[PDB]
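Here's the structure we're looking at; comments come further down.
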């Protein structure tokens, strides 16, 4: 259950999201999300 | 990593940048599931920034401004089509939403899919 | 197929679980089945004796409805808005005695608030026809019970509920308030649901530890037992209620998962709150004004009851020969019968024989005073299968009281035979 | 919180309750001006502190556990931003 | 204030963001008949009834109508204070309601169903008012033009109404693209005006 | 790992055998040195433990 | 069911991320973390004292934790130990870059 | 932590007794610090 974003992501926005995800899902889930986003970022770049 | 995320979500040229002459005198792809869209990107059918329409079966989660419809087109038998900037909502006489379509780019769908799949994967692993 | 308690019953709609599953309700190793009685929870897997407890259900806080016991009233799921008219009604209730009324009001509001689990779940709750609470009983049913004192209490309670509806649901009330309870039967259904389905527990949300009265979904489908398989625990961190299997107990497939509603209480209380009665209530009292007393220690010995007075249990390893006569009722008996236990001097056998007869005499007198005998009662019960649920309950209260008096007679006699080997 | 906050006859918050962003916002909408909070300056000793006075932990988002070194964390926290 | 409390079981209730509008309901099988003779407006979810501002002539006889809503979805990210607290919140936020006359007071089931776009009435949330729309029929065919090939286009925050032929409608991409081009053009000029060579330059 | 001579020599053995390592009670050398140095400037430092159960005072070396 | 999640699930189990998820479940039942660390340490010592030679490639701390999970209904392998189905032969080492 | 000679002298004269209730002190003695796993409860 997540929002669909149609505008850009900058560093401030990622900190807000990681914060919001830690509160809703907890630290374990967030760690997996983080490793997956890293892979996507490196690949596109 | 941040550079990559920004590029995926950066967007597309909107008006003068994409068309030379006013569109008045005179995007196309429509996809049914997100998987197909990601696929077209690979087969080089579309580019990362090209606009596309995706059917949405869920409940209006798209962050967008509070903007009233640009044009509402209403037909005599009873169906009304509402065109907002990032979405088209088709409704009928019984006041039921027959379809919702979102205007987006492949890059946006890719980030959503990764976040969603990771959540579901962790869940299925525990079991 | 295999004979299991669950086999007789039929599976419930998939939707009972789904409505919960979309919100975060999870069930492990459990099913849910329906029958004439109503829903019940059963097992679907075998669990060997275990070292520590195992979770069968996890229910989140948001699904529940809750109010604090003490005066500043704090509602934790927090559905009520600030300034709504309902708070004035809840605030004007005696802090100590009426919590049922406060809970009723909250439930009614929930049915009127959008996107609240209760709007969906209430469809699964008992209707006016299918609820056994005696608040919803006629003059006739009350009469059938054959007890003046239980009957009286019930009427005082029925009146207390009407009075509230009249006082607060008057003509000038704003429509928001009126819609919630237009007719007086609706208030009564709500009080009936609150009394029958409420649980009291201590909860820590954040750093606040409070004691509360709560209505919790899916955990109300458990049934009473006095020899219970499971218990209720609050997990603070994820804000959830856990229903858990007791440590060390083997559970086999098809069995019934049960919890204990109140501890230490007689059949009169179960009827007032829940409309249920038990043949074996270990804590029931039959009153003898008769002078005679049998000796205590021997009683325990013949029937192999071991333990401290508070906790009596039948040791079954001592009873190598499979016995069945000793049950909840013989334990109940131990506590009630007047007894003499002095020092270590052994009882004189002839001396006690006098006591047994004099005691039995009182029992015969007791059984006679009632309008009908035990066999007669079964007949009425068997005669009409479909009948007002409250009525079957009343007849069953009678059969049960009588049956315990009868068991005592049978038991006192067996003492006699075994005193003398 | 060290005392109850009330709007009319209703209680927004009770003693011994932690404050989070949602509560703070309610206090702002309803303009509840004097709020009393337990704080390190309100404790009864100087060789130790109690859980309630210190409050929620920055690390795990829940009341601090018994046995935590609040002092070493404070020194380090004031100092590390010092390089900047 | 009317000083009487109405029975709302006999009234259609239409809810807008800032008001509730009540219009009388003559009994009918499909619930489509309206009387504009009695109307009341109320602060949201509160029960002190009041008379609306009527800004136009209103019908004096029963009319069969269809109702539609105009507004904007609001998606907000709300503060998270508990483990599973909601990440997003979405609200419809209706601002205007359009009621359109069925043709010849005909009924949906009939093979001859159409809507008379000439008669459309609007209810507005901010001003607590009911008014009638001004339509511009640009469709040749005169008053007798067929009602099976007619489409209404509403633009400008509900303030422009036009009836045009069906085939001459614009696809959804064109409407979005046209708007972006206008805004983008005006914005570039605003930027470039500051430069000292603007008078002597050409758009290309 | 550093400076407890008796303890250090044991751990190599426990590990080769596969056993468990006990928590040390005596002081490391570092502490013993301080005492000796102080006793050179004519000052005495002693460590005592008082038993909670019986109240006896015992002087660790 | 999302259509293509197979690899991610194989990896989560293989990587050792399962252990991390488990530690978290178990700490959701405890007010003091520090005490739980002490309880687990004690159990491990009892296990090694009683059967010394089982351990060495099987670690005791892992065994205590797997045993807790299996008691509560989630199947976990003993000591979270998994074999390499495809190793070429004896004396061959995987390069986990 | 600063004036080592001066403190030590004043103390020897007064026979000071230190109950070891802090962190740094127990580190010198090579004993379990009373924090965390060490705090006993």
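Residue numbers (this note's numbering), protein chains in the order written: chain V, 378 to 422; chain G, 108 to 234; chain U, 167 to 587; chain Y, 2 to 85; chain P, 55 to 258; chain X, 527 to 587; chain A, 93 to 189; chain C, 358 to 398.
Just so you know, even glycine gets a beta-carbon here, dropped at the ideal spot from N, CA and C.
_Since residue 538 (chain U) and residue 380 (chain U) should fall inside the 8 angstroms C-beta cutoff, what is the C-beta to C-beta distance between them, to a whole number of angstroms?_
For this step, residue 538 (chain U) is matched to residue 372 along the third chain. For this step, residue 380 (chain U) is matched to residue 214 along the third chain. 42 angstroms between Cβ atoms; not a contact.
_chain V contacts made by the stretch 110-124 of chain A, where a contact means CB separation under 8 angstroms_ = 112, 113 and 116
*Between the C-alpha atoms of residue 210 (chain G) and residue 177 (chain G), what's the straight-line distance to the nearest angstrom?*
Counting from 1 along the second chain, the entry for residue 210 (chain G) is found at position 103. Counting from 1 along the second chain, the entry for residue 177 (chain G) is found at position 70. Roughly 14 angstroms separates the two Cα atoms.
*Identify whether residue 522 (chain U) lies in helix, strand or coil by the three-state DSSP scheme.*
For this step, residue 522 (chain U) is matched to residue 356 along the third chain. Correct three-state label for residue 522 (chain U): helix.
*How about residue 445 (chain U) and residue 569 (chain U): are their beta carbons less than 8 angstroms apart?*
Here residue 445 (chain U) refers to the residue found at position 279 when the third chain is read from its first residue. Here residue 569 (chain U) refers to the residue found at position 403 when the third chain is read from its first residue. Cβ distance < 8 angstroms, so residue 445 (chain U) and residue 569 (chain U) count as in contact.
*According to DSSP, is residue 224 (chain U) helix, strand or coil?*
Translated into the one-based positions of the third chain, residue 224 (chain U) becomes position 58. Correct three-state label for residue 224 (chain U): strand.
*Whose Cβ in chain C lies nearer than 9 angstroms to the Cβ of residue 569 (chain X)?*
What you label residue 569 (chain X) is simply residue 43 of the sixth chain in a count that begins at 1. Simply 365, 366, 368 and 369.
*Would residue 202 (chain P) pass as a contact of residue 162 (chain P) if the rule is Cβ separation under 8 angstroms?*
One-based indexing of the fifth chain puts residue 202 (chain P) at position 148. One-based indexing of the fifth chain puts residue 162 (chain P) at position 108. Cβ distance not < 8 angstroms, so residue 202 (chain P) and residue 162 (chain P) don't count as in contact.
_Less than 8 angstroms between the beta carbons of residue 362 (chain U) and residue 439 (chain U), yes or no?_
Start at 1 with the first residue of the third chain, and residue 362 (chain U) comes out as number 196. Start at 1 with the first residue of the third chain, and residue 439 (chain U) comes out as number 273. Closer than 8 angstroms, so yes.
*Can you list the residues of chain C that residue 64 (chain Y) reaches, using a CB-CB cut of under 7 angstroms?*
Locating residue 64 (chain Y) in the fourth chain gives position 63, where the first residue counts as 1. None at all; the shortest Cβ gap to chain C is about 15 angstroms.
*Taking the alpha-carbon positions, what's the residue 416 (chain U) to residue 224 (chain U) distance?*
Translated into positions along the third chain, residue 416 (chain U) becomes position 250. Translated into positions along the third chain, residue 224 (chain U) becomes position 58. The straight-line gap from Cα to Cα measures roughly 21 angstroms.
_Same chain, Cβ closer than 6 angstroms to residue 366 (chain U), neighbours up to 5 away in sequence not counted_ = Start at 1 with the first residue of the third chain, and residue 366 (chain U) comes out as number 200. For residue 366 (chain U), where only same-chain residues beyond five positions count, the Cβ hits under 6 angstroms are 379.
*Please list the segments of the beta strand (DSSP E) lying wholly inside the stretch 494-549 of chain U, counting only runs of 3 or more residues, in order along the chain.*
none
*Using a cut-off of 7 angstroms between C-beta atoms, extract the partners of residue 229 (chain G) located in chain V.*
Locating residue 229 (chain G) in the second chain gives position 122, counting from the first residue. In chain order: 406 and 409.
*Opening and closing residue of the alpha helix (DSSP H) in which residue 344 (chain U) lies*: Here the question's residue 344 (chain U) lines up with position 178 in the third chain. Note, residue 344 (chain U): alpha helix (DSSP H), 341-346.
*DSSP beta-bridge partners for residue 144 (chain P)?*
Along the fifth chain, read from residue 1 onward, the residue named residue 144 (chain P) stands at position 90. Answer is P:129.
*asked:* If I follow the unbroken beta strand (DSSP E) through residue 368 (chain U), where does it start and stop?
replied: Along the third chain, read from residue 1 onward, the residue named residue 368 (chain U) stands at position 202. Unbroken beta strand (DSSP E) run through residue 368 (chain U): 364-371.
*Of all the CB atoms in chain Y, is at least one closer than 8 angstroms to the CB of residue 135 (chain P)?*
As a first step, residue 135 (chain P) is located in the fifth chain; it is residue number 81 there, counting from the start. Residue 135 (chain P) counts as touching chain Y.
*asked:* Residues of the stretch 206-235 of chain U in Cβ contact with chain E at a cutoff of 9 angstroms, in chain order, please.
replied: Checking the listed chains, one finds no chain E in this structure; the protein chains it contains are V, G, U, Y, P, X, A and C.
*In chain order, which continuous runs of the beta strand (DSSP E) of length 3 or greater are located wholly inside the stretch 178-212 of chain G?*
178-182, 187-190, 194-198 and 204-211
*Does residue 167 (chain A) have its Cβ less than 8 angstroms from a Cβ in chain X?*
Here residue 167 (chain A) corresponds to residue number 75 of the seventh chain, with the count starting at 1. Not closer than 8 angstroms to any Cβ of chain X, the Cβ of residue 167 (chain A) fails to qualify, so no.
*Could you name the residues of the same chain whose beta carbon sits closer than 7 angstroms to that of residue 82 (chain P), not counting the 5 residues immediately before and after it, in chain order?*
Counted from its first residue, the fifth chain places residue 82 (chain P) at position 28. Within the same chain, residue 82 (chain P) has no close Cβ partners at all.
_residue 214 (chain G) burial status per 10 Å Cβ neighbour count (16 or more: buried)_ = The count along the second chain starts at 1 and reaches residue 214 (chain G) at position 107. Under this definition residue 214 (chain G) is a buried residue.
_Cβ pair count under 8 angstroms reaching 3, the stretch 454-466 of chain U against the stretch 513-528 of chain U_ = yes
_Expected contact under 8 angstroms - CB spacing of residue 17 (chain Y) and residue 2 (chain Y) to nearest Å_ = Here residue 17 (chain Y) corresponds to residue number 16 of the fourth chain, with the count starting at 1. Here residue 2 (chain Y) corresponds to residue number 1 of the fourth chain, with the count starting at 1. At roughly 7 angstroms, the Cβ-Cβ gap stays under 8 angstroms, so residue 17 (chain Y) and residue 2 (chain Y) are in contact.
*asked:* Is there a C-beta anywhere in chain P that falls below 8 angstroms from the one on residue 17 (chain Y)?
replied: For the purposes of this step, residue 17 (chain Y) is taken as residue 16 along the fourth chain, with counting starting at 1. Answer no: the Cβ-Cβ gap between residue 17 (chain Y) and chain P never drops below 8 angstroms.
*Starting from residue 74 (chain P) and walking both ways along the beta strand (DSSP E), at which residues does that stretch end?*
For the purposes of this step, residue 74 (chain P) is taken as the residue at position 20 of the fifth chain. Run containing residue 74 (chain P): 74-78, per the beta strand (DSSP E) assignment.
*Boundaries (first-last residue) of the beta strand (DSSP E) holding residue 584 (chain X)*: Counted from its first residue, the sixth chain places residue 584 (chain X) at position 58. It spans 583-586 - the beta strand (DSSP E) in which residue 584 (chain X) sits, taken as one unbroken run.
_4-residue-minimum alpha helix (DSSP H) runs that sit fully inside the stretch 290-317 of chain U, ordered along the chain_ = 305-310
_One question on the structure: do residue 208 (chain G) and residue 160 (chain G) come within less than 8 angstroms of each other, judged by their Cβ atoms?_
Taking the first residue of the second chain as position 1, residue 208 (chain G) is located at position 101. Taking the first residue of the second chain as position 1, residue 160 (chain G) is located at position 53. Yes. Within cutoff.
*Under 8 angstroms from the C-beta of residue 186 (chain G): neighbouring residues of chain V*: Indexing the second chain from 1 puts residue 186 (chain G) at position 79. Neighbours of residue 186 (chain G) on chain V: none; closest Cβ ~26 angstroms, over 8 angstroms.
_Please report the straight-line C-alpha distance between residue 566 (chain U) and residue 544 (chain U), rounded to a whole angstrom._
Walking along the third chain from the start, residue 566 (chain U) turns up at place 400. Walking along the third chain from the start, residue 544 (chain U) turns up at place 378. Whole-angstrom Cα-Cα distance: 10 angstroms.
*Taking residue 528 (chain U) as the reference, give the member of U:336, U:578 and U:188 with the closest Cα.*
Here residue 528 (chain U) is taken as the residue at index 362 of the third chain, counted from 1. Per the Cα distances, U:578.
*So what does DSSP say about residue 390 (chain V), is it helix, strand or coil?*
If you number the first chain from 1, residue 390 (chain V) lands on position 13. Here residue 390 (chain V) sits in helix by DSSP.
*Check the Cβ of residue 10 (chain Y) against every Cβ in chain U and list those closer than 9 angstroms, keeping chain order.*
Looking up residue 10 (chain Y) in the fourth chain gives position 9. By Cβ distance, chain U contributes 253, 254 and 257.
*Rounded to a whole number of angstroms, what is the C-alpha to C-alpha distance between residue 60 (chain P) and residue 79 (chain P)?*
By 1-based counting over the fifth chain, the position of residue 60 (chain P) is 6. By 1-based counting over the fifth chain, the position of residue 79 (chain P) is 25. If I take the Cα positions, the gap works out to 13 angstroms.
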